[PDB]
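1. Following this: a sequence and the matching experimental structure.
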Amino acid sequence: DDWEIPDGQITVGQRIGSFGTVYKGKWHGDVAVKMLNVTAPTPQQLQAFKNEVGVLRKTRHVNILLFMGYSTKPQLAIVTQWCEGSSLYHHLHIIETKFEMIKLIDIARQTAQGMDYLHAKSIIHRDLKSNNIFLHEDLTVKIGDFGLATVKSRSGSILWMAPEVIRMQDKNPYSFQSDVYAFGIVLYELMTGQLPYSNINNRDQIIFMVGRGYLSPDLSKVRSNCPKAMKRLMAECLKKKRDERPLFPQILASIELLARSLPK
Ligand SMILES: CCCS(=O)(=O)Nc1ccc(F)c(C(=O)Nc2cnc(N)c(Br)c2)c1F
């Protein structure tokens, strides 16, 4: 049964990330390792980690980063598949990658696909954002960094945070819809190739404004080749009240419907 990977069985290479630091390595080929790089967690910390891992093993889907095993000994770690490619953030916002409107819609679809899964598997991402969506072989969407919702509790996502989330209002804001609004942001990201509210330099003012929903994203910044129904859905996914947002079944429905009336 247990996916534990004993000491020496992994060989860590060059360094990548910086909530857990990410290393590339080799374990039956190239693999990603996120070492939690805490110092030495005591027996009831150990148990809650194993608890979070158990939420990963619940996952088997092409649009979901492949959980390949965890480590305890050398350090606490989660090993996944290594992706060839670059994050959706990196394409859109660093190397200014220009995607055909058709491939944009597919990435949308793929991403909504992965979510609809996690949601039926009663998972909530909590931090769905473009720097967290890989584009593999430049064709396949892999959602990641949604594990460990307990190990963190026990900043840099403000843009995707739904109102209810943003204003640190109650104990649990995070819903399925929370994730749905974060989707609306990635939708806007795709259809505009731009981060929202870029004409504002004072962070806190965003945080304030969104929280009160005086400031929402600017639909009218979508590139013209964006489908009429794509706009309608983006807007549907960004509604200020969370009960008004649709759930991934309906989102997926709407995407697969408009994409079929597209290349024609
Ligand atoms: C997918 C479930 C595990 S999780 O904790 O939600 N996410 C998670 C866990 C461990 C990881 F190394 C990663 C990760 O980012 N891997 C990763 C894979 N491939 C590349 N090229 C890079 Br750069 C990073 C990751 F996204």
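-> Noted; the coordinates are in hand. Numbering: from 1, shown residues only.
2. Kindly spell out which helices and strands sit in contact with the one helix or strand residue 142 maps to.
-> In this structure, residue 142 sits in strand 140-143 according to DSSP states H and E. Packing partners of strand 140-143 (3 or more Cβ pairs under 8 Å, 6 or more residues apart in numbering; DSSP states H and E): helix 101-120, strand 133-136. No exception for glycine: its C-beta is placed from N, CA and C like everyone else's.
3. And the contacts of the longest one?
-> By Cβ atoms under 8 Å, 6 or more residues apart in numbering, the residues outside helix 101-120 that reach it are 59, 61, 63-64, 88, 99, 124-125, 128, 133, 135, 140-143, 146, 176, 179, 183, 186-187, 190-191, 223, 225-227, 230, 247-249, 251-252, 255-256, 258-259, 262-263.
4. Mark which of the residues you listed are part of strands, please.
-> 133, 135, 140, 141, 142, 143 (DSSP state E).
5. contacts for the strand holding residue 142?
-> So strand 140-143 is contacted by 62-66, 81, 83, 88, 107, 110-111, 113-115, 118, 125, 128, 132-136 (Cβ under 8 Å, 6+ apart).
6. 7 Å instead?
-> 62-65, 83, 107, 110-111, 114, 125, 132-136 (Cβ atoms under 7 Å, 6 or more residues apart in numbering).
7. go on, stretch 71-83?
-> Against stretch 71-83 from outside (Cβ under 7 Å, 6+ apart): 4-7, 10, 24, 27, 30-38, 41, 49, 65-70, 134, 136, 142, 147.
8. now stretch 220-232
-> 101, 191, 192, 194, 219, 254, 258, 262.
9. Of the ones in strands among the contacts of helix 101-120, which are in range of the ligand?
-> The subset of those within reach of the ligand, by Cβ under 6 Å from any ligand atom, is empty.
10. Filter these down to the buried ones, PyMOL style.
-> To isolate the buried members of those in PyMOL, using 16 or more other Cβ atoms under 10 Å:
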select buried, resi 133+135+141+142+143
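11. got the residue ranges for the helices in the stretch 51-200 of the chain?
-> Counting by DSSP state H, counting those that start in this stretch, the stretch 51-200 of the chain has helices at residues 88-93, 101-120, 150-153, 163-166, 176-192.
12. highest average neighbour count across those?
-> helix 176-192 (a mean of 24; mean count of other Cβ atoms under 10 Å).
13. is the ligand contacted by that one?
-> No - on the criterion Cβ under 6 Å from any ligand atom, helix 176-192 is out of touch with the ligand, staying 13.5 Å away.
14. That helix vs helix 101-120, what angle?
-> 170 degrees (axes from the mean of the first three to the mean of the last three Cα atoms, to 10 degrees).
15. In contact with whichever residue of the stretch 151-264 of the chain sits closest to the ligand, which residues?
-> Going by Cβ to the nearest ligand atom, the ligand is nearest to residue 151 of the stretch 151-264 of the chain, at 9.4 Å. By Cβ under 7 Å, 6+ apart, the contact set of residue 151 is 48, 49, 52.
16. now do 6 Å
-> For residue 151, the contacting residues are 49, 52, by Cβ atoms under 6 Å, 6 or more residues apart in numbering.
17. Tell me the residues of the chain that contact the ligand?
-> 16, 22, 32-34, 56, 65, 67, 78, 80, 82-83, 144-148.
18. List buried members of those residues by neighbour count.
-> Using 16+ other Cβ under 10 Å, the buried ones in the residues of the chain next to the ligand are 22, 32-34, 56, 65, 67, 78, 80, 82-83, 144-148.
19. Name the residues of stretch 205-223 that are buried.
-> In stretch 205-223, counting by 16+ other Cβ under 10 Å, buried: 206, 207, 209, 210, 211, 215, 216, 217, 222.
20. what does stretch 41-55 give?
-> So stretch 41-55, judged by 16+ other Cβ under 10 Å, has buried residues 41, 49, 52, 53, 55.
21. returning to what we had before: mind checking which of the buried residues of stretch 205-223 are in helices?
-> Mapping the buried residues of stretch 205-223 onto helices (DSSP state H) picks out 206, 207, 209, 210, 211.
22. would TSV of the helices of the stretch 51-200 of the chain with distance to residue 200 be doable?
-> Output for those, formatted as TSV (distance: least, Cβ to Cβ, whole Å):
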stretch	distance to residue 200
helix 88-93	17
helix 101-120	25
helix 150-153	28
helix 163-166	14
helix 176-192	15
